[PDB]
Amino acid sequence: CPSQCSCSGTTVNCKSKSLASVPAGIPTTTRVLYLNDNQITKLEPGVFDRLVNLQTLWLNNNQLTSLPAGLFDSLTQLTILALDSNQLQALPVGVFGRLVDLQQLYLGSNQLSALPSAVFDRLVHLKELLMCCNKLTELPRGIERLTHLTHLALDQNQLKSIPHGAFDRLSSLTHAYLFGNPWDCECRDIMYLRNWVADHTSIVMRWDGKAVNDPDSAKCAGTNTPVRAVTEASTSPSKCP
């Protein structure tokens, strides 16, 4: 067990230890690794390659700005990966490609403005994708195929519309977060999101420390009227970004 951490069974707790880097001596038998709430700024390539039995990896609340390619490739048993509240500007191609058993992926509160095109293509079991508080300007391609999602958090980005049909196959959704985006209700492309929210009022949520059902929390930019109230006749294809 690493000096600065505490260990019990197969859980290694290095949370809130003022760590500047991943400590040495994490046993290969570790299944749960808390590295959150530290000041880790960089992850060496291969730092996790030994930890083939990892099931939950908490890297949230650090100072990561990038990730090396292949960082998680050995962690095939991973079901929860937390990267929220770092400063990630981008993700490398194929960063999640080997995490076929992943169920929860936390990417919120970073500086991501886009994702690689195939970033989610192998996450055939993902149930929660949490991506609030970034700089996303378009819905990442591949979310349309994450049919087992129950939680999708897109709040507080820079999204102006949702591509037509993007949510139609997400029939297991119970929590959808859309507030805090400058939805462009003059542009004709807004109609899909308008029509989808009107048909899914019970699953659109806002956040006041916890989930609160509010289908009106998706608001039109410039005004304070809900996206779901927009009439098609008030929109035009010529007023799109």
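Residue numbers run from 1 along the displayed sequence.
- In this entry, the higher average B-factor at the C-alpha atoms falls on 93-101, of the pair 93-101 and 152-160.
- Looking at 211-219 and 45-53 together, the entry lists the larger mean B-factor for 45-53, computed on C-alpha atoms.
- Among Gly108, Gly165, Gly142, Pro116, the highest C-alpha B-factor in the deposited entry belongs to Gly142.
- In this PDB entry, the Cα temperature factor of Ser74 sits in the top third of its chain's modelled residues, the highest group.
- The PDB entry assigns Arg206 a C-alpha temperature factor belonging to the middle third of its chain's modelled residues.
- In this PDB entry, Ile26 carries a Cα temperature factor that places it within the highest third of its chain's modelled residues.
- Placement of the Cα temperature factor of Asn86 within the chain: middle third of the modelled residues, per the deposited record.
- The deposited CA B-factor of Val12 belongs to the highest third of values across its chain.
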